[PDB]
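Protein chains in written order, with the authors' numbering: chain P, 450 to 497, 522 to 543, 557 to 585, 609 to 686, 698 to 805, 845 to 1243, 1249 to 1436; chain X, 2514 to 2614, 2630 to 2649, 2768 to 2903, 2916 to 3198, 3225 to 3399, 3405 to 3590; chain B, 3681 to 3770.
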């Protein structure tokens, strides 16, 4: 019965005072006794005795009431471990990605109780610790940000971090802008964080993280609010189908519209108000949705007439109002009614834009299933009129306008989740393609319209199911576009093949990642129906290849999590799979389409291509580099000599000198890209250090191949001049940046920002990439000694190697001061095993003693770990 | 039950029970209307036709009469105007790009073998189509019509679109089947029952109503619809657009045949009135419906936004019983009878408003309130103003319960409740607050919110004017809501603190003084004035005097709008409510004086010379009030403002005189003396009194500016800038009078001015003055006139100005790096380069191709600096090969044509 | 690639001063090139427009991923019209 619950709190309260009367030992113990206990309430069940139930007991324990009188701050020192242990407990938890852009936690327990830590701490956190909260705010938020990096698709961290920030607003910790300004700088640079990460995100992840941004303190958000414009725009534009998300946007817009500088905000409002039009758009024929429809008006008034008028500005109209303008300026679909005796006439054009709208949308089942027959049968009528070629003098009229505003409809209606309608339209679209592809000359507007519709489907950001279905249409398109033409004309001009590839290329060159990604899927989905006519691979294939290299290069700046890397791998791989065969054909100098940027020539051959591939060897775009290496090896053996790479290279090194090759492993990239100039990077810092770092990595990764395959001789490779990188950029890095964090660069070079302090979203990429480069050095340098009994004699002129040895003892005595900070044994536990390999080439190198000069001449002690025995 | 509808069809379909020739059918489809079908009616009225179709000997039979599977193609082998429109949309490729100089109807058929070892977990042939490769060759009219009906029920929108399209077609067989008499006798019954529809519909469900109207577009005889039925439709329907179209086509297509046009014109106008486009209405009346000189003349001053004489011009016309024809029309009178009302509404002229809103009501000098119910014309017309006026008077603290009387009398009724609960729930709520009732006010406002949401959300998106026009009211409703909340909660009446906070919200939450029109200002202002009178009653620093402080300040902000929007006549009213009252506090009096004088100044634009001088002469008498001098010697801010206005006053006068120098003679002699007196150049030469006046002016200004430069340095800027600018504005017109004039007697006077102005503007520009930034090129032409002693001052100064203020004018700046005045800009331009290279570069290019330096240390210095800029752009010299790259796009033959020109 | 080969290469090329799209500046509020959109490629398409000077329509890809169509007028001094816009802003 209920009243006995106070006596249970009295019981479990008294036994915590007992433990603290030990004095100093306690903290660890109780901090972990609560912990195995919390593991029950957070593994206690819920569905989508509960995460709600024990909360009051815990609140009465984490509240410093007069229960002692009837030590007070130690009721809060208990809450202290409700940080200390609880965030140290992020180190408890492990989870990564196994069971088109969805993923799965490999270890369910480390989520399924842990998010009831989230939902229980959704009260177990939110007290101000009676203003004692200080030591936690900075350290807590710091910790949770630094590790929130581990897992996108996690809502919970942003929830708890938002509870942190909302509590921190009432504690005003950031007021006046050192723990305070440290955290201030963190969250300010976090404004370049999740707000930039936005463009990937998806339902509850996106909702819980938007919640966080919009709950941030105004004192930050006086800076460059173009960060959060999209965030708040998203909030309203989304929240209409998760109703209490919009409520956070109310909180925020309200809080802002007082505590923000009105002159700062006066210009911006133009972009915010328009998205509240929809919130008032109909009478429709968590707190309740019409609380929201009410609250927007309460805001608009309290926001004041001055700004309000922004709602009704012409720019609020456009992206609806296109649905209120004519599809053709003629009245196209002329039709004659059979009344019994005589015939009236109709222009069905005017039905189509409404019939479509229904056929896509109409929520009534029995409407929708009939509606499709309307549109299906009406489509036929168009084709009818397109072939009402009169015996009269008038040609059958234009239809392009309609076709354009029609054919995208059909594809949505084909990938449509309904079986029955799909079973009609999925056939239809094939018949359409099959018909339309029958043309004889270059730009049939209709064919263009159709194609462009298909491609406008295959780039679509939201809809993988469309991109899937469209993939079929693409294949079937090209298949049929073979199916309809004479050899002698197809050889003369493969018209729609040209008019396709050109548009594929442009999508491969588009800077937007989705605008590329679709074109790779198209290219996969035709591979198996390309390489059929001789002409096609004869004419297009180098152009196709080269373009995909560049489309890979452009992917470099993106997340890997679009999968574009892999899609592009297959796109190139299947080209390799062609070229295994038809190099036999390509060896002939013959007329082909000039790949983008080659010197124009009367005919082309595989030599011109492999020489171009050589030019691409030393370029910074990682997976382009890996490909051009591998492809070049797959392509030496099939030029007309068919020699090995080493024996092939012997010719051009004898003609051109190592100069030429260095001018492409370091002079590697566009025109004369001058990557041989290490000096400007050892002179001029800005985050463009990473661009140099990549350029060093590419210079190294060049050497990371061709000595290792023993394909050029080492005392050639380290040329007697101009090899600036290995001689300085390595040495400097080891002497002057390797021992150090970012600020050793971001001191004497350009500058390091503000008061020399900036985000882990920068620092992790710096230190990650930094900690890569050492690996490639070590692998490369080993590879000297393990191909040459002499290589040590040219690097001996860099006699001051010894900096690298202090790096190497660091690399084993606490490389976590450098690389284990990443968290991924996938990289981070081969790196020690790879490191240790090099040490054989040190032990059985004459240099051995200097390992002792780093360790055994100083540090070796026997019993100190047995001295620590009673402490362990 | 759909079987029952079909069973009801069993003889409605029958050949004698609805006709079986489809024209006579259509005539009898207009028998089918009953009000209890609207939403649905068209969707059924239509489907009947699409049974009568069926017994046509081709209804069962193919539409296409060749196999679409064969025999067809298309080509766009043309240079049509539609190609231009298509390449505007998104261009298609072309590629001739040449480097120098098997059956018919047949398909490459399968070749099964695969010439690969596949990706994993023979000869050409020709065929023609499987029956599965290509769609239906040849569908029949049957399958077109048949599927629609079941959905034509469900989307009436296609039904609307369909019906008109049938109907329109159905007429146009004409003389090959039906003669003149028949067609026309039929149109009379069509028209008549087209009226019956609009006469009888009481729901006005717009797809139906609109369709009858959209049908009426199509044929000339249909256009003689009841104009008031059209409007009566459209207003309830939200169908004003089609209402207008119908009327405009009526007015034109009925042109050649004036009395019904006069009716139509009033209705056309009423539609526009309900959507906010009054400018059109002016056009209607001025140029067709008005006849008399008075009519334009009233509209004219009204269009200039002075309703005062316009109101009186209407009143004068209304009460003029005699004329050069005895006969201004029934309509022109109807127009004045409305026009006059709005005048008062903007003028806040509530006493005449209640009076005139009722005086033409049927000799109710004994005031019957309820006669309105006799005519929806009256219920529409006079009622809003009457509610408004009575309520404003009540909120100004007048007393007459006749409104609550008439309202409570109305509450006994149904419409006389319901239309109030709908359209006036604001006022209903306010009247409950006026009777101290929280709950019922809280209801009528809670309702008002919902009412608005539907009101607005039903307005078309393209009705931007009206959408907007609805919207401002939100603030009033919200403030009512906030105020209700604040007074509903008892903790607000204990401490002055939450109340002190409240006023800060109301000060911060004004309307917009340049876009919110005055009536809307009036509302929130009045309403707050009343709400504070209620708080003042709930309680009674002294909150009461703080409330009067607010009341006063609010009147000011309101007055300010009625200046900025040139409702000067209203500002007179407001002034005269405070003219003596303000003369109590100190600061308040000062504020009043300033405001009055500002208003005098704005009024003093719109005017002739004597009229302007008269319009400002009086201000001198306030400005020479100097019991205020004690406050001004304490309150620098006001003192600055005082001097500013003061100098401005003289400036106006001096300009007025100097434009027309003898016009002093046009003013009554006492005032002609007051002028000569207070110029003080009683040498009595207008030119000398003008120089004197300008000098006298400059004294106030230069002092104002000095007082502005002093103890004004916050880590308010408006007045600082304003001073500096104002002085400069005056100096510029004088410098121009010198530049304009070959004979220059004003030489010793206009000595300081060139050097002086600079030091002001470059102070001002540090304060972010957009207007200085807009004027800035002035300096660049002034230094060229004043090279003696501008340059030094400008130079040592200009460094203190933010580089990114200049960017607009960059062309000018770079265009004088070769002239010695380069000295001023050279530092500046280099700084702009050193921040915004992508800004300067193009200007620099075009100028670089255009200088010629002097072969002297001055031109060398310049040439050498230019080399330093040029070189310090040639890192971007890498990129700008882009120029050459663009250049390739020009037609070479055109460039050769230019060069050879 | 027939008209003017260089745009049909134009790329991100490194160690470099990135090109901003022409004309984004206006004389207000301490402007911010880090917003001003930067070029990252061209549509392969071109179109001639009909007037005597046969002016060219091209399209620029931003690094901001929208597209920014432009006319190109050559052999012609636009400054006259340029100021008409400054006046029009005024």
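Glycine included, every Cβ here is placed at the ideal spot set by N, Cα and C.
Asked                                                                                                                : Found
Meets three-Cβ-pair contact criterion under 8 Å: the region 1350–1361 of chain P and the region 1279–1299 of chain P : yes
Bounding residues of the alpha helix (DSSP H) (the contiguous stretch that carries residue 3720 of chain B)          : Taken as a continuous stretch (DSSP letters only), residue 3720 of chain B belongs to no alpha helix (DSSP H), being part of the beta strand (DSSP E) at 3719–3722.
Cβ of residue 3565 of chain X within 8 Å of any chain B Cβ                                                           : yes
Any C-beta of chain P under 8 Å from that of residue 3716 of chain B                                                 : no
Any chain B beta carbon closer than 8 Å to residue 1156 of chain P                                                   : yes
Reference residue 2925 of chain X, options X:2887, X:3458, X:2865, closest by Cα                                     : X:2887
C-beta atoms of residue 3417 of chain X and residue 3373 of chain X nearer than 8 Å                                  : no
Chain X contact residues for residue 879 of chain P, given Cβ-Cβ distances below 8 Å                                 : 3119
Residues in the region 3735–3763 of chain B having any Cβ partner in chain P nearer than 8 Å                         : 3741, 3742, 3743, 3745
Through-space distance from residue 1233 of chain P to residue 1313 of chain P, alpha-carbon basis                   : 20 Å
Residues within the region 1258–1270 of chain P neighbouring chain B, beta-carbon criterion of under 8 Å             : 1259
Beta carbon proximity, residue 1061 of chain P to chain B, threshold 8 Å                                             : yes
8 Å contact criterion, which residue 1088 of chain P and residue 1037 of chain P should meet: CB distance rounded    : 6 Å
Coarse secondary structure for residue 573 of chain P, derived from DSSP in three states                             : helix
Chain P contact residues for residue 3693 of chain B, given Cβ-Cβ distances below 9 Å                                : 1228, 1229, 1230, 1232
Inter-residue CB distance, residue 1092 of chain P and residue 1043 of chain P (contact presumed, cutoff 8 Å)        : Contact doesn't hold; Cβ gap of about 13 Å is too wide.
Whether residue 1075 of chain P touches residue 1052 of chain P by CB criterion (8 Å)                                : no
Under 8 Å from the C-beta of residue 625 of chain P: neighbouring residues of chain B                                : Neighbours of residue 625 of chain P on chain B: none; closest Cβ ~41 Å, over 8 Å.
According to DSSP, residues forming a beta bridge with residue 3737 of chain B                                       : B:3727, B:3751
Cβ of residue 3721 of chain B within 8 Å of any chain P Cβ                                                           : yes
Proximal residues, the region 3493–3512 of chain X versus chain B, C-beta separation under 9 Å                       : 3493, 3494, 3495, 3496, 3497, 3498, 3499, 3500
Within chain P, partners of residue 3684 of chain B - CB distance below 7 Å                                          : The contacting residues do not exist; residue 3684 of chain B stays about 13 Å from chain P at best.
Beta-carbon spacing of residue 1101 of chain P, residue 1163 of chain P below 8 Å                                    : yes
Whether residue 1472 of chain P touches residue 788 of chain P by CB criterion (8 Å)                                 : Residue 1472 of chain P lies beyond the stretch modelled for chain P, which goes from 450 to 1436, so this question has no answer here.
Chain B contact for residue 3590 of chain X (CB, 8 Å cutoff)                                                         : no
Contact set for residue 3022 of chain X: own chain, Cβ-Cβ below 7 Å, skip 5 residues either direction                : 3016, 3029
Proximal residues of chain X, C-beta to C-beta of residue 910 of chain P below 7 Å                                   : 2804, 2807
Cβ pair residue 2572 of chain X, residue 2642 of chain X closer than 8 Å                                             : no
Listed by chain order, chain P residues near residue 2586 of chain X by CB distance under 9 Å                        : 946, 948, 997, 998, 999
Close beta carbons around residue 665 of chain P, own chain, < 6 Å, minus the five adjacent residues each side       : 624, 627
Per DSSP, the bridge partner or partners of residue 906 of chain P                                                   : P:893
Span of the alpha helix (DSSP H) around residue 1355 of chain P                                                      : Here residue 1355 of chain P belongs to no alpha helix (DSSP H), and DSSP marks it neither H nor E.
As assigned by DSSP and simplified to three states, the class of residue 1088 of chain P                             : coil
Within chain P, partners of residue 3724 of chain B - CB distance below 8 Å                                          : 1061, 1064, 1065
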